[PDB]
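Peer 1: Let me give you the structure first, and then I'll get to my questions.
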Amino acid sequence: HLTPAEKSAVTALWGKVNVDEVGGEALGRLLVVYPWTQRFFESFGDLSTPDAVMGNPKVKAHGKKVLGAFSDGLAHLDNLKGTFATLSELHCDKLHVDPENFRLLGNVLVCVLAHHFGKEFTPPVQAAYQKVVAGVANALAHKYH
Amino acid sequence: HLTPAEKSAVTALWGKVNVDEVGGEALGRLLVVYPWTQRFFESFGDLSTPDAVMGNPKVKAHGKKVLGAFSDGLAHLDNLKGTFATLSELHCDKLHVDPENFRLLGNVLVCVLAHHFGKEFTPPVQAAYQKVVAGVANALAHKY
Amino acid sequence: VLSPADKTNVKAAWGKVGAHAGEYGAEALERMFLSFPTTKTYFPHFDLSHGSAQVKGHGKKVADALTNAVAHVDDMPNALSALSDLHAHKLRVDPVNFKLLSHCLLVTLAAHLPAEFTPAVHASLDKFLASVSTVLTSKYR
Amino acid sequence: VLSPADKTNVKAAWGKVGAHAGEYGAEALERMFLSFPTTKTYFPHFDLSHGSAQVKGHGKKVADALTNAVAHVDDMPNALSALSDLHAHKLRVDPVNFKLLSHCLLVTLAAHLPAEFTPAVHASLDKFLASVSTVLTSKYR
Ligand code: HEM
Ligand code: HEM
Ligand code: HEM
Ligand code: HEM
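Protein chains in written order, with PDB author numbering: chain B, 2 to 146; chain D, 2 to 145; chain C, 1 to 141; chain A, 1 to 141.
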């Protein structure tokens, strides 16, 4: 649960976030910092070097779609489990994705928002976003069985 | 969330559990396997050797108390947030205990239950106990 | 950081296992899939039911891997070089799952070795399993 | 292990910090206390408000500790031998809190180094900070 001031601070920053480019940056840095998360993208091509990961076109397409659903969850911060219920079943029953990757992606996104906004990413803003990425990661793992 | 078959087998196993002896065994094993948890029990006395830890009277006299929320969670199945609204303030605003140590004790309690019950601690019985120690630890850490 | 007391306890504890390694590995695997269902994402289309020859087959492989690790406790990085490479570049199992399997191995040993699972051996086995997990995750990045 | 590219990236990244280490250490600590309030249990009588000299004082100590680690990257277990003993036998800080401080250090570096926090430097710093935590936690048991 987030407070109105916490919900307003998180929403205000997202209003300046370009879901298209930032999505390809978070997913790219996730595959570079944590290279064991590349087991789901063998058909994407080559991901051996960082410049290959950030330069992969298929990675940038999946990043915009991933952060796109994340953008929809921000409008429903009071019901993340129901919002990501269908995606949680698909990632589990069909994609077989380890829910820990949701926590690794959340850590990367916080670093990307800090690297892009700099001083605007204040410690209180980060703490508000730490609860958002934790709720989205738990919501995407809620339907795992 | 646990099933009625899960809650029935877990309560059946806990009926044969001596909270005094099991608590002092789980609390002592936690200090032996994870020695960095001794920071909160410096007043307990000799904690150098494992024999001195298990035989420490203050350890056994407090093991029956640490296992209380596990015994308390075994009655208030789910909705542990309101159940653990005062025990958190004790270990938080007074002693300032890391909630991670509560998770280590839950895994240690599972090892103690398996060592005490043997085959009776079936993989389904363990899986049901893991949900209990995961819900109690998360509820105790929600008020930090 | 394994102490000589740890090597003695682990060798004595695993020595009592012996021919029961294949059965204990299948039990610890079933305990992991039941207690931590997120680990089942790494074995898709596998038969994970109780008494499954698919589960019993892989349980012996992990047990033989741990048996070789005990005999080569002083040469663990070189003994598990083939498994560390497989788990890092082929399986890519998240390192958080190693703590779940290590915990279920301790539960299987405690339930099956009541006389040898002393608090000293318990601490020695937890440190040994943490060292095996660290070795298998050393080549991840 | 730390690759030569990692040592080059971490040395280049920390080189841009320079005299801002003491100020950045206080920022990463405040970010840890705000994002993870459970870490405040280890500083029970510290003044944790904004602009607290206690936070800036300890923030410079952790920063100077990391500065010495970068210069002795190839000899890190030796350089942090005195600090590993304090955190293991005196502070007894749970090893899970080191990942929280390492994450907040990465967030502070990314916010202050926009031209240098490349994905290669990001991956290099995460491995280096994970190595600092492993060294400081090696003497725990
Ligand atoms: C906030 C976290 C995440 C969100 C919101 C998200 C969202 C999505 C969405 C919307 C899809 C497409 C579903 C459809 O086709 O209708 C998808 C698919 C997928 N996701 Fe995620 N995702 C997240 C995290 C992750 C992570 C961390 C991984 C792996 C490291 C992952 C792996 C995949 C894969 C492999 C696919 C299939 C892509 C394809 O085959 O085209 N997801 N996800
Ligand atoms: C998880 C459920 C727990 C329960 C139900 C519990 C129960 C209790 C009780 C009944 C007391 C004494 C109450 C009083 O005298 O005011 C107490 C105090 C204490 N607790 Fe806990 N405890 C738990 C977990 C922990 C943990 C995780 C730690 C340390 C990491 C811990 C360390 C202590 C210590 C050192 C004391 C003070 C002992 C004394 O004053 O005699 N306990 N707890
Ligand atoms: C001490 C920890 C572990 C040991 C000793 C171990 C050992 C082994 C061994 C011996 C194999 C067979 C390799 C071969 O036949 O070529 C294997 C395969 C495998 N392991 Fe592990 N493992 C460990 C941890 C884990 C964990 C925790 C997971 C998942 C949560 C995992 C997932 C897998 C998978 C998916 C395979 C491939 C199965 C197959 O393709 O048949 N491993 N491991
Ligand atoms: C990046 C990893 C870390 C480094 C390099 C580091 C370094 C240091 C240094 C240099 C000191 C001062 C020692 C002295 O003045 O004698 C210290 C003390 C201390 N550290 Fe850490 N530390 C780290 C992680 C942590 C974490 C995660 C915690 C838990 C929140 C922690 C808790 C403490 C405490 C409580 C003190 C004593 C503070 C005082 O008494 O003034 N440390 N550490």
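The beta-carbon is built from N, C-alpha and C at its ideal position, and this holds for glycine as well.
1) Distance, Cα to Cα, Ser133(A) vs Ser84(A)?
2) Taking only beta carbons into account, state which residues of the segment 27 to 38 of chain A come closer than 8 angstroms to chain B, listed in chain order.
3) Ignore the nearest five residues each way along the sequence and tell me which others in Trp15(D)'s own chain have a CB closer than 8 angstroms to its CB.
4) Near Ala5(C), what residues of its chain come up, given a Cβ to Cβ distance below 8 angstroms and the 5 sequence neighbours on each side ignored?
5) Distance, Cα to Cα, residue 159(C) vs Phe41(B)?
6) Taking beta-carbon pairs under 7 angstroms, can you tell me which members of the segment 94 to 108 of chain D lie near chain C?
7) Comparing the CB of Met76(C) with every heavy atom of ligand 3, is any distance shorter than 8 angstroms?
8) Can you find a CB in chain D that lies within less than 9 angstroms of the CB of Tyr140(A)?
9) For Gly22(C), which three-state DSSP category applies?
10) Looking at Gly15(C): is its Cβ nearer than 9 angstroms to the Cβ of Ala63(C)?
11) My output table needs one value for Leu78(D): the three-state DSSP class, helix, strand or coil.
12) At a threshold of 8 angstroms, does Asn108(D) count as lining ligand 3 (C-beta to nearest heavy atom)?
13) Mark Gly57(C) as exposed unless 16 or more other C-beta atoms lie within 10 angstroms of its C-beta, in which case mark it buried.
14) Rounded to a whole number of angstroms, what is the C-alpha to C-alpha distance between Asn139(D) and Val109(B)?
15) Leaving out five residues on either side along the sequence, give the residues of the same chain with a beta carbon under 6 angstroms from the beta carbon of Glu43(D).
16) Taking the alpha carbon of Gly24(B) as the reference point, which residue from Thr12(B), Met55(B), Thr38(B), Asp47(B) has its own alpha carbon closest?
17) Would a check of beta-carbon distances place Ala123(A) closer than 9 angstroms to chain C?
18) Rounded to the nearest angstrom, what separates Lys132(D) and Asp99(D) at their Cα positions?
19) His103(A) and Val111(B) - do their beta-carbons sit closer together than 9 angstroms?
20) For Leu32(B), which residues of its own chain have a beta-carbon under 8 angstroms away from its beta-carbon, when the five flanking residues on both sides are left out?
21) Do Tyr145(D) and ligand 3 come close, with the Cβ less than 8 angstroms from some heavy atom?
22) Does any heavy atom of ligand 4 sit closer than 8 angstroms to the C-beta of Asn97(A)?
23) So, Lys65(D) versus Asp94(D), is the Cβ gap smaller than 9 angstroms?
24) Can you find a heavy atom of ligand 2 that lies under 8 angstroms from the Cβ of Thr38(D)?
25) Since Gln39(D) meets chain A, which of its residues come closer than 8 angstroms, beta carbon to beta carbon?
26) Measuring CA to CA, which of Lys144(B), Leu96(B), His77(B) is closest to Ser9(B)?
27) Please give me, in chain order, every unbroken run of the alpha helix (DSSP H) with length at least 4 that falls completely inside the segment 91 to 136 of chain C.
28) Whole angstroms is fine: what's the gap from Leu88(D)'s alpha carbon to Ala19(A)'s?
29) Please report the straight-line C-alpha distance between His97(B) and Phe128(C), rounded to a whole angstrom.
30) Between the segment 64 to 71 of chain A and the segment 109 to 120 of chain A, do three or more beta carbon pairs fall short of 8 angstroms?
31) Taking the alpha carbon of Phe43(C) as the reference point, which residue from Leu113(C), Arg92(C), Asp75(C) has its own alpha carbon closest?
32) Could you list the residues in the segment 44 to 70 of chain C with a C-beta less than 7 angstroms from some C-beta on chain B, going in chain order?
33) Tell me where the alpha helix (DSSP H) around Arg40(D) begins and ends.
34) Please list, in chain order, all residues of the same chain as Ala26(A) whose beta carbon is under 7 angstroms from its beta carbon, the five residues on each side excluded.
35) Nearer than 8 angstroms: is that true of the beta carbon of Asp126(C) relative to any heavy atom of ligand 6?
36) Buried or exposed: which applies to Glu101(B), given that a residue is buried once 16 or more other Cβ atoms fall within 10 Å of its Cβ?
Peer 2: Here's the rundown:
1) 9 angstroms
2) Within the segment 27 to 38 of chain A, the residues whose Cβ lies closer than 8 angstroms to some Cβ of chain B are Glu27, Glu30, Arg31, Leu34, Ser35, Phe36, listed in chain order.
3) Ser72, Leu75
4) The residues are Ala120, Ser124.
5) Chain C is shown only over 1 to 141; residue 159(C) falls outside these bounds and no answer can be derived.
6) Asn108
7) no
8) yes
9) helix
10) no
11) coil
12) no
13) exposed
14) 24 angstroms
15) For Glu43(D), where only same-chain residues beyond five positions count, there are no Cβ hits under 6 angstroms.
16) Checking every option, the nearest Cα to that of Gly24(B) belongs to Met55(B).
17) yes
18) 20 angstroms
19) yes
20) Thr38, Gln39, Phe42, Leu48, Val54, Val60
21) no
22) Within 8 angstroms of the C-beta of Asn97(A) there is at least one heavy atom belonging to ligand 4.
23) no
24) Relative to ligand 2, the beta carbon of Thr38(D) is positioned inside 8 angstroms of a heavy atom.
25) For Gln39(D), the C-beta contacts it makes with chain A under 8 angstroms involve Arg92, in order along the chain.
26) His77(B)
27) Those alpha helix (DSSP H) runs which fall completely within the segment 91 to 136 of chain C and span 4+ residues are 96 to 112, 119 to 136.
28) 45 angstroms
29) In a straight line, the C-alpha of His97(B) is about 30 angstroms away from that of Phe128(C).
30) no
31) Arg92(C)
32) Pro44
33) Where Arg40(D) is concerned, there is no enclosing alpha helix (DSSP H), given that its DSSP letter is neither H nor E.
34) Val55, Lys56, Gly59
35) This structure lacks ligand 6; its bound ligands are ligand 1, ligand 2, ligand 3 and ligand 4.
36) buried
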